[PDB]
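In: this one's structure only:
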């Protein structure tokens, strides 16, 4: 049973060598598939490791998934900060009062840098201070003409 | 020392077979753990590779991490573009002047499609062109009555 | 050829043991590289598996890439929802009419909580209902003075 024992040792060694060649190929296949699922140019190195992906987020490049996710989180944070800024400063429709509200930090506020509205019976343009001042000037002139009328009348009222 | 040498060859072969069965199981365990850390339904294929994850971002499905990160970057980009649009077009509080500003691209601008404000001593409603026109009409009528008064007065002024 | 056959069996076994030690080290190197490319503190466990990353997105922690991507998708969704809210409610520049528009859901709308505008010949401040009411009161007083003038005139008109 000695030459027989050698015969089978050589055959079992042959099966082991086949397993090793199959295992070596399983490892690079695994490695390749992982590189594929990472994307961003991840590839398999000559030594069997997965070379780093290159992920572009914003103006930066990230060599791992966590750093990219973090960068996306920060971008969304910054965009939310801009949105909250707009929301604090925008002249907004207020549903509770059915109107746009020029309230700011609890106070009625001005609107300024407003160009003059068309004055017509069907104009829906807002009007400004310059336009109302011209009306106020007309009114003051009307009152002076009236005071002149009251005096001219008074003179003839006594002179009779 | 010949049968002894066989005895140990069979024992060393037995240790190698145990190592191979342990290595085969290490590879599928590694593979499984990688599938778990990727998520998105990644699983281990019969051949030992990691099947692709399916990541939903927006209206698309992405089969690798890089393509998903890219898609998230583009969504945030698009949302920032909407925000910048709002910021260019919104009627905004200007802290430097303590007031909302109807400035647009450096010019005083109109506000139009404005419904008529309540006219009362405590109204904080904006007023429109139609409302100011009605005032201007009243003023023109007042001036004609005054001119009629000046003439009636003049007639009696000479006729004495 | 029997002792020779043993000589080479021991040498082929020696090459196989070297391959196994090289393969064991390839697996932990692969594992390490995958842990590195995942980031978020992913590390290699004693058993050769990749321990889970810890990815922070918003106020949550996610133990796999898919769940993190999902969380980033939901955050961007929520930020877009805020932006669309602003866009529906903001008083906006309308390029088609070259003016800010106080239109809301197809209707001319009020602006209220507006503080009084400066009345001067170069004021670009919007004016409110309280300011226009004071003008209307002045006008009513002017008309009563005129009616008094018409009566005083009429009396002297007949009395001659």
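Out: Nice, I can see it. Numbers count the residues shown, from 1 in each chain, chains lettered A, B, ... in the order given.
In: how about residue A:112, what does it touch?
Out: Contact analysis of residue A:112 by CB atoms under 8 Å, 6 or more residues apart in numbering or on different chains lists B:97, B:99-102, C:117, C:124-126. Every residue, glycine included, has its C-beta placed from N, CA and C.
In: can you rerun that using 6 Å?
Out: Contact analysis of residue A:112 by CB atoms under 6 Å, 6 or more residues apart in numbering or on different chains lists B:99, C:124-125.
In: likewise for residue A:51?
Out: Residues in contact with residue A:51 (CB under 6 Å, 6+ apart) are A:43, A:45.
In: cool, and residue A:44?
Out: By CB under 6 Å, 6+ apart, residue A:44 lies in contact with A:31-32, A:35.
In: nearest residue to it other than its sequence neighbours?
Out: Distance criterion CB to CB, 6 or more residues apart in numbering or on different chains; nearest residue to residue A:44, sequence neighbours excluded, is residue A:31 at 4.7 Å.
In: list the buried residues in the helix or strand harbouring that neighbour.
Out: For residue A:31, the enclosing helix or strand under DSSP states H and E is helix A:2-38. Judged by neighbour count (16 or more other CB atoms under 10 Å in any protein chain shown), helix A:2-38 contains these buried residues: A:6, A:9, A:12-13, A:16, A:19-20, A:23, A:26-27, A:29-38.
In: hmm, back to that, now, which of the contacts of residue A:44 sits nearest chain B?
Out: Distance to chain B, by CB to the nearest CB, is smallest for residue A:32 among the contacts of residue A:44, at 7.5 Å.
In: contacting residues around that closest one?
Out: Contact analysis of residue A:32 by CB under 6 Å, 6+ apart lists residue A:44.
In: could you do residue A:33 as well?
Out: Contacts of residue A:33 by CB under 6 Å, 6+ apart are B:49-50.
In: and the one 4 residues further on, by the same measure?
Out: With contact taken as CB under 6 Å, 6+ apart, residue A:37 is in contact with B:38, B:50, B:52, B:64.
In: ok, and of the residues you listed, which contact chain C?
Out: Filtering the contacts of residue A:37 for proximity to chain C by CB under 6 Å from any CB of the partner chain leaves residue B:38.
In: from the contacts of residue A:37, which is closest to residue C:68?
Out: Using CB to CB, residue B:38 comes nearest to residue C:68 of the contacts of residue A:37, at 10.6 Å.
In: give the contact list for that closest one.
Out: By CB under 6 Å, 6+ apart, residue B:38 lies in contact with A:37, B:53, C:65.
In: element containing the spatially most central residue of chain A, please.
Out: Nearest residue to the geometric centre of chain A (CA atoms, centre = their mean): residue A:79, 3.5 Å. If you go by DSSP H and E, residue A:79 is part of helix A:65-89.
In: show me the two of the contacts of residue A:37 that sit farthest apart.
Out: Greatest spatial distance among the contacts of residue A:37 (CB to CB): B:50 and B:64, at 11.0 Å.
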